[PDB]
Amino acid sequence: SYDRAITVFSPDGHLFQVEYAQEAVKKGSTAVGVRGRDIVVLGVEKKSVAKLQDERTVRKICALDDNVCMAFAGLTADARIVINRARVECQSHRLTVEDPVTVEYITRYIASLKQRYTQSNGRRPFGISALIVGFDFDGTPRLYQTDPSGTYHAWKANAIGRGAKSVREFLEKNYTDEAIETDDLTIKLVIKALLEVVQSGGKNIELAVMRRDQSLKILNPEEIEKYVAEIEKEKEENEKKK
Amino acid sequence: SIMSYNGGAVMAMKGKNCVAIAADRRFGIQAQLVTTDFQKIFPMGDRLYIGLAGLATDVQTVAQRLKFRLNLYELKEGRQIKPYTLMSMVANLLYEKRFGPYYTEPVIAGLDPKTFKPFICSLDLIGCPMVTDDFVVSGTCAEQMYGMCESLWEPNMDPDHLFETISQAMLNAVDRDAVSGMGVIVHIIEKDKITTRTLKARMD
Amino acid sequence: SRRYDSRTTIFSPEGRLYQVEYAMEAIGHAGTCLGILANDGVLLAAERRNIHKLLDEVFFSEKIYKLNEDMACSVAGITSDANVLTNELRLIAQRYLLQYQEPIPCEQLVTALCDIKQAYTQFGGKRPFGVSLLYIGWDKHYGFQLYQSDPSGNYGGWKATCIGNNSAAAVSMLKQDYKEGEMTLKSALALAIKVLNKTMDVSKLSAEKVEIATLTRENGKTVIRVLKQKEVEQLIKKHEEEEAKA
Amino acid sequence: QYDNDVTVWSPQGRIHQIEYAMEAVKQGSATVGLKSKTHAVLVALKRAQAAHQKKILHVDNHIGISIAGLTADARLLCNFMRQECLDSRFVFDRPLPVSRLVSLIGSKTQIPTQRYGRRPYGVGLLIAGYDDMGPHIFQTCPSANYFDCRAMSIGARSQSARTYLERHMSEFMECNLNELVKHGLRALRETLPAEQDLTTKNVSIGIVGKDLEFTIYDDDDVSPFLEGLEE
Amino acid sequence: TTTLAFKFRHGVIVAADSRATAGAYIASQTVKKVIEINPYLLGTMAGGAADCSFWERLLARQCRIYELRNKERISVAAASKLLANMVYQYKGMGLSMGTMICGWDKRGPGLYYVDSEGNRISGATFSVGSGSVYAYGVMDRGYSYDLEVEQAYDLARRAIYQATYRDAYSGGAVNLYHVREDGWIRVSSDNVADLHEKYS
Amino acid sequence: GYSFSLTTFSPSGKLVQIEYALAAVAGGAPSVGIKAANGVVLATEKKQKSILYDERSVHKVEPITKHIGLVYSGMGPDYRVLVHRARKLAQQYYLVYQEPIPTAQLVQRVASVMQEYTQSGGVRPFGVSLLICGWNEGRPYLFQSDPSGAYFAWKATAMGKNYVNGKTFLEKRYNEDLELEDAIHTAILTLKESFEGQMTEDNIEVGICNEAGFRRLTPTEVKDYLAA
Amino acid sequence: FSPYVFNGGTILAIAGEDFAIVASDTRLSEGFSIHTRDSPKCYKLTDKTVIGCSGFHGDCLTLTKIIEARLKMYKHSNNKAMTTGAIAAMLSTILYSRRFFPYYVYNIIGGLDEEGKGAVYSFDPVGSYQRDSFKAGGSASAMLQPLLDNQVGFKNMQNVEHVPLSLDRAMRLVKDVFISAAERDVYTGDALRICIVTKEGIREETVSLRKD
Amino acid sequence: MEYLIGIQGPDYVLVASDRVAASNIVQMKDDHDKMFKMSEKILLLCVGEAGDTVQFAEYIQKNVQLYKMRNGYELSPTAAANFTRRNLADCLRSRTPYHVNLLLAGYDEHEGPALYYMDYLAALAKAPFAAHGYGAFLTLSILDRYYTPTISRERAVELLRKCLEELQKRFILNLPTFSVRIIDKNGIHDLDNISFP
Amino acid sequence: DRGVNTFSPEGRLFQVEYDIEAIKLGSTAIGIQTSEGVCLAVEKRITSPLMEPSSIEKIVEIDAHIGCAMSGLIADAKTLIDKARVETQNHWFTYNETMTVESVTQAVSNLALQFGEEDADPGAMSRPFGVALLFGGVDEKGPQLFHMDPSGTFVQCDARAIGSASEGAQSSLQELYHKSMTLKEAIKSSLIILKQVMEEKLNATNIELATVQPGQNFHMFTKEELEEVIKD
């Protein structure tokens, strides 16, 4: 067997393997999440479309179960493994306990898995930062986040991947109760946000939406273009106002 | 016993340049019918068939594991398998479980894809192969077919006489057994064709 | 026992692994391979490197392999490491058949492999596998399927791909001359013979520095066939004539 | 570099890791123990820094210890001793002696000095006990070497106490209990920076003999032994 | 042994006897057969006492661990599932156990029956032990869902008394518990000799 | 035991230890293998450096079974390992199928092992490339394996010290319709160009694969052939 | 072969407001013979707790050794003596440990409650215990248990006063009971040992019976 | 005791069972349920020993739901049946063998309906109708007498009622109420329980 | 390179002396005891005005009578806390009584220096935990508070601060203590200390507060049970 110390401390604490794993996320694909009043939105983007790819195969929005979804902003091989482990645990929990899982349960599970690999011998830390979302019992939409260190915090509107700094700075100044009032409104926010990191318009978007008991959805480019033109018209009107 | 928990019967003969195989198609639990379309004869390559009898679960398990190994063999190097090699493989597969074995009695029948030389074989509970030119029998109605095939068989047999021979024997041998019957299936092989037939039997 | 190790699995200061992105540098000097899917079949072309007084045509082929009744692969890296992944794939398919008594879909077979070489990047201490592949197959859910793979457990489906030496120029010249759902198995072979001599460094093809395989469905059964020297000679001659038409 | 591992002899036959461990005993609070004709004593300092940890433990009715190294590894050896004594009492029905126990402890500590990836225990120990042959005082160091002495002390600036004892050596074997206590306490008093005097919130003392099973005294019961001091 | 339990509008009620025998010799007559797992759960003893105590203690410990980790009281269904999956690993060794788990969760009252063989089942009226057969007759003819509290007590008490009258391996004292939305309470503990005169 | 690989990918993408092993067979007592219709021929060369040495004790051409041969070019000590492994795999195949093992399968398994000794815990690659001959269903077979695990189905190849100058000599003489009498002449004469000093029998070893079983020729035969 | 034996050795215990009593016979037997007549079955664990065992002798001895080895472990790991309830709760588990190869001893524990009262715990070879006031486990259980329940529980006695127990009364009652339970049982006799636990400490007595 | 029955039509499937539990003299329950839903159009009816049924059924259920949530589609019944058979024959030769019988009625979009059979020894037959338990003796013949391949729906229901009346007439055990379900191209449907006063 | 169980030329392990420097980056926490219970207060160190502050759990419950505050790496702590809990319950299982805080802290410390490459490492432990804990709870002998480092050398105390700025604040906490001090004064003193040491502000959201006073069990202060005292 292999029993060697891969990740270890430094003169300033400064676990180096984690500091490095956090750099891949800084170059991966942007992702955005939003927790509306009766809807939750995921607007993963930064897709590099080549025109000769089956959109099904490489997706990056995955369902762990009818209640929970997920998005990631790093290495894919590891994300697949994590998602498989999580589905396994969701089923085992639904087996022992006679009720489905809660967001916090699976988030804590993934965090423990991430941390075990920062202390074990012969193992290398993961290189993903996930973005989980779900609908607990009695509604109560929930959006969480995770890092390769093992932490996790509940956010209202957080973004990861490259360009997430500008996205957060733009979102912290636009998310308001009077701005979130309907399902059609929550989505526009995500498109306006991604328009910044966006390169050549609405050609790279994989929006979705989770509502009460739909269990998933994905939109076709028609409504994407409709929303893009609506945002353009709103921008023109606002510019006329200024 | 445990072998006769369900019931089964299979036979195989040899001719001039064509072989034959036959079986019954009943499934039941120790006194009772469940269905009359049970499969016991499986094709292991072209011009090569195998029939099992005994415990049904072991029947299917052996069939599946044999298909596993045979497909891997065929893919490794591309050659349709020979009968003697199959005999040896089944021997190994049944002897690996000398302690905690299966309860099937296989019967193999096929040709050679270089001279079309016929070949038939019968193994035992633990892999005691017994090559015979006359014929081979396996099941619970064995002493009712030994004395039947020893009184009709002849050295050289045309396909039609080969079909008329194995059929009468099988039918009039199962008509004296209670845990085997309810249909008969026959397969005749040739140099360039195969013919499968079903007969008219009593359902009592 | 610590001054002899490279640790084999380490995040570089920039968040990238080095051994994997190195093996990807050798993959780009192996046998050119190309894959296309057409409404009525799927074709897989490859380029050979050995031209000597050899015992050719001794096996089914040199670069094409088989995995089951309805699948095939076109590995384009190190041969020694590839001779075992085919065994793994066959084992996987036979276990799936043994359990569910049905042919294995292709996506499952690709994933169960892209997971085997992921551990080699995390656990252990071993150098990873250095081969990228190209799977072709047919299933009753999505029909014809062409898939790819990479040294670090990373895969993706396509319509038309090329890997090996000069794969980028091919992928570029190919995304323009490909009609969506306006293709057949009679013109796909033509486009293949076109890109292969537009990419290969030799002045022209002699039908001896090439190889082709086609997978189709004929009367329920699935056929995986390789072309004889005469068929490829006729194909290259027809390509010559078509080009002469200009 | 011959300093980073414990399986590399130096060109002059010196394993640097064992010395580097030994250097961990000359930084902790000092401790002292001397022998008499009938009893055995141990003391300590309990350098508070405003609370600090204890510095004396109990092994069994006739054996006790004083530690001057890493407190985490000392509990390990303590557990080892307790279990060995329990086993000897369960099987033979007899109190395990001191010599065989110290030999066991020495063997337990030699292994990691002879293989890879291990480290030596960085704790020194003073052991006091009593058996058929009278009292016994033993010393233990990181290296698996144990001595048998009439008086010893360990910790920082323990040279002054050693000299004071070498000068007062020919006085034991006849002093009473309280006289031994006073001798020990006035010997320890020299390991201070001539700016502090021994008090009740610093000293901890254990005592064993043929009539008592290793009693310990806390800060509230040490005062009786403080009278009779000088400058 | 005789242990019964039934649920109705105002929750669940449990009742048990207090005798223990070793062959034909009465060892003790003051046993506790209604186990107090937690301030929100209850148990029951029948068969082997050592087992029906050890495994229920383990169950209580696991329930507390769950409550600490997830910050939410466990449910009855999951508790009985745990208890059943715990002893199933000891099938065919000699274990004897028959148990009733009672509680009140977010979806209302709950009563489950469990045993060493493996059959775990819900219900509304249950009774086990050597005298369950005599108690079923009295519980059925007299049961009702829209009952009051002052009457279910007498019902269970009379069932237990009539079971002890005939069965020889059961007698002594009668213990009775009542569970509510908040928690359970110990309502009384009577004697058979003091009930015989209350009746004829 | 150490658990980590010593063969690793370089920045340019190539395994370097494999190349360094392939540089060992350069000095490997040149060998030769030729194919004909009635069989196959294998011929080595020996380098006894004293008259005090013996001759009837050391053998490079060692059989695997009644129909398969073997020869090497490189490290001797690392060749008996593969000989033993192959003699084991052959007997396993027999015990299973009750039939002699074909040649190609043997080459496959041997190469699988030679590759498994490439990314395991605390070992190095071998220092030999084998050449193995066989006869199956009325046809000869010649194969050549490498220290990397790759095998090719060659036809009158050569390897050793002067192979770049031994394959061009062998290209302009292979008629492809030869009998098992002049292929031996060709084998001898090829290495006759890479031999220093006077040649004889004790400096040479030969084996053939006809439809009777792999055989090794005694000094009498080699002497008879050495006479032109 | 048979890995068990029968030696006899009835035991008796009693609890009071501020005292506890534990009585045993003194004899060892095997079949129809007598091994010895000086083998008490009462042992002292701490200054306020004693215990008695009966049945197979080897198991008794090894169990005593185990308990004595674990009390010191607790004292070392927690820096305090162990109570009575704790010893009972530990003994339940120690016994259940061997559920499929059990001991064959009927244990009884007596001592002082937490505050000042008297406590008794009766056990079984599997580990089911419950607190009681008086118990007479052993071979002659059937002879003493039906008696201690009348003169101490006042059962089947009408118009009788409670008149709580005392020390000398209980001692004399124990003496008379064991003197009467020796002329009918054959495994019991030749002496009688009493251990008494009070606020002060642990005291012992000794009495002589008939020699068969 | 126990009773399971399954019937197959041209475009549907009809399954039924009893709902009763007992301990050797007394029936503890009268609203039991011996069915299990592995997927949207698959149904497992298990019966037999005490604690093995639920264990096996839940194992199978978890693994099937996992396949679904992992791949993107469902599993065909002809595959789930062989999966069950393999697992059961494997666990038959270990320290923890399971003693159960089961049917696996289902429906598919390509091959149509299906009905299978097992006998706690991992046989896996297949028939247009089948039954389990002792009662099977008094209700199999009836089928063979009145069954036709082109049997409609209400006629199958009537045949079922006939078999149940025969059971309640000649069988010693009570078995007073049954649970019946149907499977069709749109999914699973539950019908009014067949009860006899 | 070097190993994990390697000494320095001072008698000091290396990984531990390096990890102790990590706690100088974490937030601060204060623990106090008195004659009628203890008090634990902690900081949150918010970053953005979009994180749900109710998700930060820095003061957890080990049992009805024990508590814990932590600083350093919140992740590495999740492995120890559970252990503690487990231990406690097992005690109650075998002895039917409550565990002492000394015993709990000792059992936790026994798991600190278990790390190395030699062993097969089934526990896989490869380095020490970077955390500093602060326990507190009632026992058989009044209330107790303790302190733990990443080296397993727990020592009892009376009032202690840990974290980044636990250098000068300890002085202020060293001045304001008297054996007869009550609970309210201690709480106010800890709060004003956190105010003077904190940077942003002092709201009833950026703090967690807890008590283990006798008679009652562990308690966490609500959002409404806090601001009523900050009005100073």
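In terms of determination method and resolution, the entry is listed under cryo-EM at 3.1 Å.

Taking the PDB entry as the reference, chain C is identified by name as Proteasome subunit alpha type-4 belonging to Bos taurus. The title given to this PDB entry is "Bovine 20S proteasome, untreated".

Going by what the PDB entry lists, chain B is known as Proteasome subunit beta type-3 and is assigned to Bos taurus.

Our next topic: the overall build of chain B. In terms of helices and strands, chain B carries four helices and 12 strands. Relative to a compact globule of 204 residues, whose C-alpha radius of gyration would be 17 Å, chain B shows 16 Å and is just as compact. In terms of overall dimensions, chain B has a C-alpha envelope of 50 × 45 × 25 Å along the principal axes. Contacts in chain B between residues far apart in sequence, at least 24 positions, make up 62% of those at least 6 positions apart.

Before going further, it helps to spend a moment on the overall build of chain C. Within chain C, the regular secondary structure consists of seven helices and eight strands. Over its C-alpha trace chain C gives a radius of gyration of 19 Å, about what one expects of a compact globule, namely 18 Å for 246 residues. Projected onto its principal axes, the C-alpha coordinates of chain C cover approximately 65 × 45 × 40 Å. Taking all contacts inside chain C whose residues are at least 6 apart in sequence as the whole, residues at least 24 apart take part in 62%.

For the coordinates displayed, the defined rule picks out 41 aromatic pairs over all chains. The interplanar angle of 15° and the centroid separation of 5.8 Å between the aromatic rings of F16 of chain A and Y20 of chain A together place this pair among those described as stacked. On the criterion of helical spacing, the pair formed by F16 of chain A and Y20 of chain A is a turn pair, its members being four residues apart in helix α1 (residues 16-24). On the accessibility criterion, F16 of chain A (38% relative accessible area) is partly exposed. Relative to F143 of chain F, the ring of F59 of chain C lies with its centre 6.5 Å away and its plane at 15°, an arrangement referred to as stacked. Of the two residues, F59 of chain C is situated in the loop between β2 (41-46) and β3 (71-73) and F143 of chain F in strand β4 (residues 139-145); the pairing between them involves two chains. Under the relative-accessibility criterion, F143 of chain F is labelled buried at 3%. Each residue in the set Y96 and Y100 of chain C together with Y67, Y73 and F83 of chain H is aromatic and connected to the rest through ring pairs, giving one cluster. Here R56 of chain A stacks its cationic end above the ring of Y142 of chain C, 4.1 Å away from the centre of that ring.

Turning our eyes to something else, we now look at the sheet that holds strand β2 (residues 19-24) of chain B. All names here are of chain B. Taking strand neighbours across the sheet as the criterion, the five strands line up as β10-β1-β2-β11-β12 in an open arrangement whose pairing is antiparallel. Because the sheet does not close on itself, it has two edges, and the strands there are β10 (135-139) and β12 (194-198). Going across the sheet, the axis of each strand differs from the next one's by a mean of 10°, ignoring polarity. Alignment of strand β11 (residues 184-189) against β12, held across five bridges, turns out to be antiparallel. When the sheet's bridge partners are listed, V186 is paired in β12 with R197.

Tallying the contact residues gives 28 residues for chain A and 35 residues for chain C. Going through the elements one at a time, α1 and α2 (76-96) of chain A are the ones with two or more residues in the side of chain A that touches chain C. Counting residues per element, the side of chain A that touches chain C draws most heavily on α1 of chain A, at five residues. Grouping the amino acids of the side of chain A that touches chain C by side-chain chemistry returns 14 nonpolar, five polar and nine charged.

The next point concerns the pairing of strand β3 (residues 131-136) of chain F. Residues and elements named next belong to chain F. Judged by how many residues are buried, β3 sits mostly within the fold: six of six residues are covered. Neither face of β3 is open: one carries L131, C133 and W135, the other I132, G134 and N136, and all of them are buried. Pairing of β3 with β4, which is carried by six bridges, proceeds in the antiparallel orientation. By the bridge assignment for β4, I132 is matched with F143. Between β3 and β4, which pair antiparallel one after the other, the connecting turn spans two residues, and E137 there sits at a positive phi close to 40°.

Accessible area lost upon the coming together of the parts is a frequently used measure of interface size. Counting from both sides, the interface comprises 13 residues of chain E and, opposite them, 11 residues of chain G. Carbon and sulfur atoms make up 58% of the area that chain E and chain G hide from each other, which totals about 960 Å². Interface area lost by chain E to chain G is led by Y25, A50 and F54 of chain E, which between them contribute 44%. Taking the shortest distance from any N to any O, the salt bridge between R99 of chain G and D51 of chain E comes out at 3.7 Å. On inspection of chain E and its partner chain G, the count reaches three residue pairs in polar contact. Contributions of two or more residues to the side of chain E that touches chain G are made by β4 (25-28) and α1 (49-70) of chain E.

This part is about the arrangement of the chains. In this assembly 18 pairs of chains touch, with chains A and C having more contacts than any other pair. The least C-alpha distance between chain G and chain H, which are not in contact, is 19 Å.

A few words on unusual backbone geometry. Unlike most non-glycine residues, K60 of chain A shows phi in positive territory, near 80°. The residue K60 of chain A is located in the loop between β2 (40-42) and β3 (61-63) in this model. If you check the backbone angles, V163 of chain G has positive phi at about 40° while not being a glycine. As for its placement among the helices and strands, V163 of chain G is situated in the loop between α3 (141-151) and α4 (167-180).

With that out of the way, let us pick up the packing of helix α1 (residues 56-76) of chain B against helix α2 (residues 83-95) of chain B. Residues and elements named next belong to chain B. It is the contact of α1 with α2, at a shortest axis distance of 11 Å, that shows an interaxial angle of 125°. Compared by their axis directions, α1 and α2 come out oblique. Once α1 is placed against α2, the crossing between them reads as right-handed. Taken together, the residues of α2 that come into contact with α1 (itself represented by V62, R65, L66 and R69) are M89, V90 and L93. Classifying every residue of the contact of α1 with α2 by side-chain character gives five nonpolar, no polar and two charged.

Time to look at the pattern of salt bridges. All chains considered together, the criterion is met by 48 salt bridges over all chains. The closest approach of N and O atoms between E96 of chain B and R69 of chain B, which form a salt bridge, is 3.6 Å. Here the residue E96 of chain B occupies a position in the loop between α2 and β7 (107-110), and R69 of chain B occupies one in helix α1, the gap between them amounting to 27 residues. For the salt bridge of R9 of chain E with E148 of chain E, the shortest nitrogen-to-oxygen distance reads 3.3 Å. With a gap of 139 residues between them, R9 of chain E in the loop between β1 (2-8) and β2 (11-16) and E148 of chain E in the loop between α3 (132-140) and α4 (149-166) connect regions that are remote in the sequence. According to the relative accessible area criterion, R9 of chain E is partly exposed, its value standing at 44%. Classification of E148 of chain E as partly exposed rests on a relative accessible area of 43%.

Our focus in this paragraph is the sheet that holds strand β3 (residues 56-60) of chain D. All names here are of chain D. The antiparallel open sheet is built from five strands, whose spatial order is β3-β4-β5-β6-β7. Edge strands, defined here as strands with exactly one partner in the open sheet, are β3 and β7 (146-148). Along the sheet, successive strands turn relative to each other by an average axial angle of 25°, direction set aside. As paired strands, strand β5 (residues 125-131) and strand β6 (residues 134-140) are joined by seven bridges and run antiparallel to one another.

The rules behind these values
Residues numbered from 1 in each chain as written, not as in the entry; some residues may be left out. Chains lettered and ligands numbered in written order. Part of a larger assembly, values for the part shown. Heavy atoms only, no water. Residues with missing side-chain atoms left out of burial classes, pairs and counts. Helix = DSSP H or I, 4+ residues; strand = E, 2+ residues; numbered from the N terminus. Rg over C-alpha atoms; globule rule 2.2 N^0.38 Å. Contact = heavy atoms within 4.5 Å. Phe/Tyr/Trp six-rings, centres within 6.5 Å; stacked < 30°, edge-to-face > 60°. Buried < 20%, exposed > 50% of the residue type's maximum accessible area, 1.4 Å probe, protein only. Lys NZ or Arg CZ within 6 Å of the ring centre and 35° of its normal. Pairing = 2+ DSSP bridges. Axes fitted to C-alpha atoms, helices over the stretch in contact; angles between N-to-C directions. Nonpolar A, V, L, I, M, F, W, Y, C, P; charged D, E, K, R; others polar. Buried area = accessible area lost by both parts, 1.4 Å probe. Salt bridge = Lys/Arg side-chain N within 4 Å of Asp/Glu carboxyl O. Polar contact = N/O pair within 3.5 Å; in protein donor to acceptor, adjacent residues only side chain to side chain. Parallel < 35°, antiparallel > 145°, perpendicular 65-115°, else oblique. Left-handed = near helix turned anticlockwise from the far one by under 90°.

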